[PDB]
Ligand SMILES: *[C@@H]1O[C@H](CO)[C@@H](O[C@@H]2O[C@H](CO)[C@@H](O)[C@H](O)[C@H]2NC(C)=O)[C@H](O)[C@H]1NC(C)=O
Ligand SMILES: *[C@@H]1O[C@H](CO)[C@@H](O[C@@H]2O[C@H](CO)[C@@H](O)[C@H](O)[C@H]2NC(C)=O)[C@H](O)[C@H]1NC(C)=O
Ligand SMILES: *C/C=C(C)/C=C/C=C(C)/C=C/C1=C(C)CCCC1(C)C
Ligand SMILES: *C/C=C(C)/C=C/C=C(C)/C=C/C1=C(C)CCCC1(C)C
Ligand SMILES: CCCCCCCCO[C@@H]1O[C@H](CO)[C@@H](O)[C@H](O)[C@H]1O
Ligand SMILES: CCCCCCCCO[C@@H]1O[C@H](CO)[C@@H](O)[C@H](O)[C@H]1O
Ligand SMILES: *C(=O)CCCCCCCCCCCCCCC
Ligand SMILES: *C(=O)CCCCCCCCCCCCCCC
């Protein structure tokens, strides 16, 4: 037996020394040196620094530029907004609490902070999904005589919201629960504690299956299809060097999209699983931090990949940033 | 009487409470809350994060690309190298020491850390100077039949090194001195203490004059001349829309170069002066940090302005970064 | 396809 | 000038 238990938490440390205190109550400097709390903060800062500009600028530019306000772009705005919840709901909170060494805002604090940090990152995920689906529809033209309009874009977005609530809301009302995770400065879903009174075991799977594998598959299908369609059209049109580039560059991106997606959600799935399947096993509060380190940084690199690397968007930034000109 | 004195330091706090300890010896948590030391660290992290890539990449790209290895580019490499001393000699040291709450490496530590952090930032400064001089020579063609070659580029660089030693070396051997400044985690030149045994008063001026005003003037002259020359050539050639853009864009940059230069060195000159001219006056250890905050961040924004915004360099990055292609 | 590719920002 | 301007990376 590895950790410490309390009504609304689980501390990854052995209170045999009698030093363990509630993370809602006192600094966990036994869990980790203070300077390591400092580095945690350093990070949270970083992600705020890069993440808030990049993502906010995305909304901003979409305002200065009429050419951005198209249906195929809605989901991308969803994506930035999501990231912003991830910043203000997660990153900044955790910067504050990390600096105390414990989750100062109590359990309600843990529920909110957990809920928005979680809501935010799921919208983002399902954005990335919905996105690939639209791109597949529009390009692989799977349904004949079908044109993608504003009214689809709207559902697209709504659907990410529903999907996301379908995961962030349960823990708030009994199926799984939110608890300071890691070094106990932030509050995640419970997926490592087998807490029968809330059925963590089940939710964990439902999470794993609906909120990981589905996405994973869909995304892989839709993009495969597309790197198919475009690789084919290229062959059938060798005479064109442009169509040659397109197909080449479209591949390069879909590889990225995918690689980058595993980097984000693999760690949580990898851990959730290994934990589920090694239930008699002790997991460090730093190591418990690893999966969440990856999942949070995507609030920086998803904007970069899906927005700054998007040809349309990029221009208007360079334009906006360099003062109306260029 | 405001601070505390010791053999090799000066703490901006009143030891009437009897709490003040040597910054080479114990945490200065009375000077500032610990979380403020954390934020100091957070920053140092940031500048390492952004600053080390940006500057290092600059050398790297200059290796992959033969078109970069031209004399007019040497000083720019100087500029990046400088910035790297600023990173490894200053930024990272200060990240370590900040995390203890005092200058752990002692006075020798203070001499080194001070010397390289100082050397680095002066090379950078004089780079920026030498640069403007070359650009003036090459473009304003002030000396007839004169062409700028590799052998000038070389001196150009050497001259920044000599200039820089002319400021970082004196304090190491008696004229002024290095002491933990600010919140005492980093070690700067002494310019606020009137320490007769080393003649701070004089060096301070010599600093102010040779290492601020000279640069300031030269830079303003050379670029004025140039925004002159190019504004003229534009007029004399209205028929050309390109020469119209050039002159317009060259102005925009020289404005930046200049604005950005005051942002870097104005605070130190502004403070050094106001202190020199209000000698009976108490200055906070955070406020003593302000001027140095500006001067250090230039190790991020100078690469961005003089390198990432340089048309040649930018390409090869985007090329290198996006994997040989694009 | 190059048209739709553009609308999606993929090329 | 546009030639020298380029060599300096200014335009
Ligand atoms: C971990 O360590 C100690 C010892 O088991 C627990 O603290 C004691 O709690 C009782 C009240 O329940 C107090 O009267 C004692 O003074 C406490 N001892 C010390 C040294 O604090 C503590 O509750 C345990 N932590 C958790 C999370 O349950
Ligand atoms: C600031 O505060 C105290 C009190 O003036 C100084 O510390 C004393 O130093 C003597 C030796 O010189 C010791 O025997 C005492 O025990 C110390 N007192 C305490 C409470 O530390 C301290 O030196 C002063 N700091 C500086 C920088 O001179
Ligand atoms: C910053 C904190 C965040 C973003 C926490 C998010 C955690 C999740 C979204 C966890 C979900 C998953 C599991 C718990 C197990 C399988 C993989 C996921 C992504 C479905
Ligand atoms: C990170 C610490 C650094 C870079 C400290 C640098 C401080 C200087 C280069 C100070 C020099 C100046 C004065 C002391 C007064 C007048 C202005 C300067 C720039 C010449
Ligand atoms: C959703 C999953 C999409 C996977 C796409 C894998 C694409 C591999 O695409 C690669 O393209 C190169 C040309 O660009 C070819 O030379 C390689 O043989 C080919 O494997
Ligand atoms: C070394 C100092 C250089 C200062 C350069 C100041 C340049 C001001 O350049 C500006 O250019 C505009 C066109 O681009 C003109 O319309 C403005 O009248 C003019 O002031
Ligand atoms: C309008 O044309 C403005 C153009 C120039 C903008 C230049 C911006 C340089 C930014 C450098 C990095 C600054 C932040 C460093 C934070 C640590
Ligand atoms: C070769 O073509 C590689 C091309 C793609 C590089 C994509 C890089 C995305 C980087 C996003 C930001 C990552 C770091 C975030 C640190 C907090």
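Cβ atoms are placed via backbone N, Cα and C, with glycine included.
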Same membrane side for residue A:66 and residue A:186 per Swiss-Prot: no
From A:15, A:200, the one Swiss-Prot labels N-linked glycosylation site: A:15
Candidate annotated in Swiss-Prot as S-palmitoyl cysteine, out of A:140, A:187, A:322: A:322
Most crowded position, judged by CB atoms within 10 A, among A:322, A:323 as recorded sites: A:322
Result, the transmembrane segment (A:287-308) in contact with the transmembrane segment (A:74-96) (3+ CB pairs under 8 Å): yes
For the transmembrane segment (A:37-61): best-contacting stretch of A:111-133, A:153-173, A:203-224, A:287-308, by Cβ pairs under 8 Å: A:287-308
Other parts of the chain folded back onto the transmembrane segment (A:153-173), taken as Cβ under 8 Å at six or more residues beyond its ends: 71-72, 74-75, 78, 111, 114-115, 118-119, 122-123, 125-127, 129-130, 133-134, 189-190, 198, 203, 207, 210-211
Cβ-based contact of the transmembrane segment (A:203-224) with the transmembrane segment (A:287-308), 3 or more pairs under 8 Å: no
Intrachain residues whose Cβ lies under 8 Å of the topological domain 'Cytoplasmic' (A:62-73), provided they are six or more past its termini: 134, 138, 148-150, 152-153, 312-313, 316, 319-320
